[PDB]
Amino acid sequence: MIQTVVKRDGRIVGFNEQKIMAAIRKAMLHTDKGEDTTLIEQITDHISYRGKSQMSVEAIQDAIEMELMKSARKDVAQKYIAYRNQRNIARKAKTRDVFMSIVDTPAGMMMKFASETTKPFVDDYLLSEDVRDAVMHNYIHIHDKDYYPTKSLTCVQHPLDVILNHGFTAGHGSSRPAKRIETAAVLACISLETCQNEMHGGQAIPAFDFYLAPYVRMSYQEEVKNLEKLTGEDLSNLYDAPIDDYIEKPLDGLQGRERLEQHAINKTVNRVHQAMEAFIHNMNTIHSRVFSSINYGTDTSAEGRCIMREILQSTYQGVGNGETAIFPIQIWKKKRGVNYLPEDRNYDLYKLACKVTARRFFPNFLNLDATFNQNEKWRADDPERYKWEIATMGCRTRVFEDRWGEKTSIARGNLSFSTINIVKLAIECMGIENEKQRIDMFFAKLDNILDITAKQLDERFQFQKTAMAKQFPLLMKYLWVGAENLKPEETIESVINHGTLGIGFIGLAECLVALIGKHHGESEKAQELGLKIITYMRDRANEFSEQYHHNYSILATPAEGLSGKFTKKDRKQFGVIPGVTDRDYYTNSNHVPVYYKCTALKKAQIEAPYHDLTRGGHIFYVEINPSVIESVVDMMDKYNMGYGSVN
Amino acid sequence: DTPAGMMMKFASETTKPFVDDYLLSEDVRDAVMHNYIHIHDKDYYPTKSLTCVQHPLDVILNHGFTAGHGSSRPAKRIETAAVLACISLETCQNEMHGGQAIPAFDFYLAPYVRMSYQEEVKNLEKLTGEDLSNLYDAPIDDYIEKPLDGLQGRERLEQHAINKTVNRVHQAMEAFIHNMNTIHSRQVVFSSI
Amino acid sequence: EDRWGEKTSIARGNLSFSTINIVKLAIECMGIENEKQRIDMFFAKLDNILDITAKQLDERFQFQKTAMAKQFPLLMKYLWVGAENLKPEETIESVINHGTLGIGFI
Amino acid sequence: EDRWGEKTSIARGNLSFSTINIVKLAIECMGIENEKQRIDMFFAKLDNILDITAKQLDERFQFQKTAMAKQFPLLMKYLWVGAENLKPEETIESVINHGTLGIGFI
Ligand SMILES: Nc1ncnc2c1ncn2[C@H]1C[C@H](O)[C@@H](COP(=O)(O)OP(=O)(O)OP(=O)(O)O)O1
Ligand SMILES: Nc1ncnc2c1ncn2[C@H]1C[C@H](O)[C@@H](COP(=O)(O)OP(=O)(O)OP(=O)(O)O)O1
Ligand SMILES: Nc1ncnc2c1ncn2[C@H]1C[C@H](O)[C@@H](COP(=O)(O)OP(=O)(O)OP(=O)(O)O)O1
Ligand SMILES: Nc1ncnc2c1ncn2[C@H]1C[C@H](O)[C@@H](COP(=O)(O)OP(=O)(O)OP(=O)(O)O)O1
Ligand SMILES: [Mg+2]
Ligand SMILES: [Mg+2]
């Protein structure tokens, strides 16, 4: 018969026939009709005989189920199997993640639960038939689909002046306008964190130096007032006294009323340094607990320069014990006539920026001299000229133009963006040996996929309106264009049509190899064909914008949540192809593949003429001494490069 | 109506049936269904979380903390200790499902009022060149602020430092309250002191 | 209080708690007409419900162990009682017992 | 070692210990012709004997507590770990779990 049973943990025990009987009985006492031991005895006798003298618990339960689903009582088997499976799932939850398979920080687990429970229901009940079929067959990717039922937007550029000047009331929390540098930075961090919860993208602050400039003078005035209180003097003429720069100088060797004109500047510099050092640590820890971007560089004043040189020296020492800071993402705004040439006003700040980018990976560089960035309403004497300087985010997104409004990049943002796979569009028509027919079929299918993605974006726009203003407290009261005439229970459809709808692509080297012998980085004809298809998409986007009364733009997708979710589903359907579906990850939107070795000059020369057709966003990533960064910035200046992120 | 609220509702509704059907016993489920017992925070059952903790602030103030990729040096004033306390209270809320409390607020924040008193004195020494080495550990009965209507020598150079220390602790005690109240927009963290 | 520690309210908290419905038991014990047998039946039901509640709390405690210290970064490195002698991959069994279990009523 | 205390060896000792006869279990498993079956039977009997021994040690532990500290003046006033916090009439339950239980073999 059977002598020994091995438990699950590993213990060895003697065979006990009164254990199978009591287990079958508890499955017979949960059905419509129970039974006495008439069949239990037969099952146990059959199991005990025909054994191996040593059996496991699972090896006995398998036999129990096999016997139960074989003798006239198939209703006890289906109660036995389900209970066994539930107990197995319960025991597998002590060291694994079974609950995610059925459908580490607790907040992350809850967010994953929400995303997984939301995605399929949106995929089924909200999308139309044609768009659903297009999405199913690995054609188009709808970014942040989990947040679809929450009629949410992507990002916005914060007009920090409103908050800093009038105060903000969000819920039961109200805050007055600031009066020094130790509160303006905190209020900026509060605004970023608050608006992050209301949108599924990043947060950016344009004109970082301009907004905080007025709060460097206030600290100086407070220090002067406190300095004249213990001496009984009268320093009323120093309040509006112009200052060349807030440079710290040693105090020894002076006396009188010119010695205390420097103590105030010294302590003002110290306070501004501490404030800018707290900003970085806060925006790093909050993310490590939020996509944050700050752009600055086009201010010429003693206060803006002080802020720009304190931030650029607190980002040099790093965080903690010298560690580099991942956030916030810092961007330098370079213009011809402000801080570029050696004789311009802020050349030393530019030199410091180039030095810091060689140790701490930041800042980036945004070129204001490009054709698509220049604005005609700019004059370097208006104190509010920052409204006409373009700003970008760390997520590679641009919103400058507008067909029914001003050409500004403040208080505007993205509404939605979707990505179109074109490598499959090339493999699906790789069979043809004649080039002309192959290209014609490629274009014919590209037209249809573009129409489908435009219809999907229009439908998502139609769903995103009908959202009450109260659902977004901070965004639709202080941080959007017309968000000052909207009642709490009023639809935002009267101001929603000021954002950007993005159409992106992933992979162009692969498409050309699946089309012609090589990619754009080796063959000129492939480069011409790629430029042609990009221009065709841009013209179709213009037609869509004219037809649907919206704004459409072409984007180079950042490839942060779509790096791999396009090539596995093509390997499983088309097989391994040399140089196309044999690398793991597709190459980026229009870059140069990381394996085709090139120099910076050739890469820049080939990749430059795409930025004029990628108005929705583009990057110039170069892998690698301040001289190297200076050369990179000069190379960007020589061409129409819009955004660069050399490290 | 806020997106975070909708996501949390989805997550809780997803979690509850799994807890009912896979993790509870048969006698517990019958009592739960027949309106006998109520299990608090059942939506957080799969996340093996705790409810409450009393924060020891001296550990994170004398030394620093390294959570994730961030780091922080030990506090050296009153305008950074009151911020590190907020950071700890907001960071530990996402790892539990209850409330956060700070015991002995006065004891924990006391050793930094004195450090604030020793920097204004240093600035005064740098301005009016003296030594002032005996003012550091002078036993102060109270940090009360009074007007400077008539003083001279080493008696108004010691009241001025007290005035500045009081003005710097007021602006941090109000910042603590404002920061803990404004977590509604950014459920608001349940905090006690 | 602590049966295996010191009377310290620092670095300690609650693990979980459940509440017990008392009024339903009293409504169930309402057809009795002796004023002395009714209270005895109420107590008999209350004892069983308390036993089930304690069993549920113990089972939740057993599940709450086997949790790695690395999914509670700040709590199990600085803020808990013995957190300092723990490693990221170790479970919190050795220090979890300083918390409390709660039985409620309404 | 200590699962609920520090890893010291001062003021700690042994509560009781019991020994298990292994040779008799092997003599009983001697008529089996197959070697692997013999070893499996030996382990099956050893597991049961270990369970009974642990039960006996736990029962003796339960009896050993509820002993007044007055019965061991010096030991429960100065020599034990948690002593000096105990009244003469208080039992030693709170400080008895720092000892060790012993299973032995020959
Ligand atoms: N001692 C045994 N002798 C024979 N078969 C056994 C024995 N123990 C378990 N089995 C087999 C046959 C039973 O139908 C089946 C159910 O096991 P069960 O008695 O619930 O044990 P278990 O390992 O789950 O223990 P527990 O639930 O008490 O921790 O396992
Ligand atoms: N309520 C029930 N309904 C149906 N079948 C049951 C029920 N209770 C027990 N059984 C059956 C299937 C089980 O595998 C067997 C023994 O029950 P049980 O000991 O609870 O299961 P188990 O061994 O899978 O659990 P565990 O892993 O928790 O020890 O009897
Ligand atoms: N808002 C904040 N969020 C997170 N960390 C912060 C914040 N503000 C300050 N910190 C950090 C910066 C330091 O690492 C630490 C202590 O600050 P602080 O007292 O200025 O120390 P320190 O030694 O760097 O000062 P200093 O060099 O200016 O004399 O707290
Ligand atoms: N961390 C914070 N979070 C939110 N609001 C804050 C925070 N810190 C300060 N505040 C609020 C408090 C005030 O309402 C507002 C401006 O503070 P502050 O610069 O001290 O000016 P004030 O109006 O209090 O001036 P004064 O104290 O001179 O009268 O910001
Ligand atoms: Mg510092
Ligand atoms: Mg104030």
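Sequence lines set the chain letters: A, B, ... in the order given, protein chains first and strands last, and positions in each chain run from 1. Side chains included, hydrogens not; waters and symmetry mates left out as well; all remaining heavy atoms used.
Remark: aromatic rings of A:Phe210 and A:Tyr386 are close, center separation under 6.0 Å. Note: A:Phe365 and A:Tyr643 fail the aromatic proximity criterion, with ring centroids not under 6.0 Å apart. Centroid-to-centroid, the aromatic rings of A:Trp480 and A:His498 stay 6.0 Å apart or farther. Residues A:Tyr478 and A:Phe168 keep their aromatic ring centres 6.0 Å or farther apart.
There is no side-chain donor-acceptor pair under 3.5 Å between A:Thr491 and A:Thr466. A donor-acceptor pair shorter than 3.5 Å cannot be found between the side chains of A:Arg615 and A:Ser553. A donor-acceptor pair shorter than 3.5 Å can be found between the side chains of A:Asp144 and A:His200. If you check the side chains of B:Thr47 and B:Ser49, you find a donor sitting under 3.5 Å from an acceptor. For the 3.5 Å distance criterion, the side chains of A:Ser418 and A:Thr453 qualify, holding a donor opposite an acceptor. No donor-acceptor contact under 3.5 angstrom links the side chains of A:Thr500 and A:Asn414, judged on distance only. Between the side chains of A:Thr392 and A:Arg398, no donor-acceptor pair of N or O atoms lies under 3.5 Å. Checking A:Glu459 against A:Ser128 by side-chain atom types alone, a donor-acceptor pair falls below 3.5 Å. Counted by atom type alone, A:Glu543 and A:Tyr552 present zero donor-acceptor pairs between their side chains at under 3.5 Å.
Taking the six-membered ring where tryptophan is involved, the planes of A:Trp404 and A:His549 are tilted, since the angle between them lies from 30° to 60°. Relative ring orientation between A:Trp332 and A:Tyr296 is described as perpendicular, the plane-to-plane angle rising above 60° on a 0-90° scale split at 30° and 60°.
Applying the 6.0 Å contact sphere to NZ of A:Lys477 captures more than 12 heavy atoms from other residues, nucleotides or ligands. For A:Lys407, the NZ atom is densely surrounded, since the number of other residues' heavy atoms within 6.0 Å is greater than 12.
Ionic pairing of A:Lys455 and A:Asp130 is present here: one or more N-O contacts between side-chain nitrogen and carboxylate oxygen are shorter than 4.0 angstrom. Salt-bridge annotation for A:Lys179 and A:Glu182: absent, with no side-chain N of the basic residue lying under 4.0 Å from a carboxylate O of the acidic one. Between A:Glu129 and A:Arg132, no side-chain nitrogen of the basic residue sits less than 4.0 Å from a carboxylate oxygen of the acidic one, so the salt-bridge criterion is not met. Under 4.0 Å is where a charged nitrogen must lie from a carboxylate oxygen, and between B:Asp20 and B:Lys42 at least one such pair does. The pair A:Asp447-A:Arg540 meets the salt-bridge criterion, since a charged nitrogen lies less than 4.0 angstrom from a carboxylate oxygen. Between A:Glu389 and A:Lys333, at least one side-chain nitrogen of the basic residue sits less than 4.0 Å from a carboxylate oxygen of the acidic one, meeting the salt-bridge criterion.
When each of A:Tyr610, A:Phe372, A:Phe505 is tested with A:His618 by the rule ring pair (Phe, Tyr, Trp, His ring centres under 6.0 Å), just one qualifies, namely A:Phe372.
Seen from the ring of A:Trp378, A:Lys387 does not count as a face-on cation partner, given the 6.0 Å and 45° thresholds.
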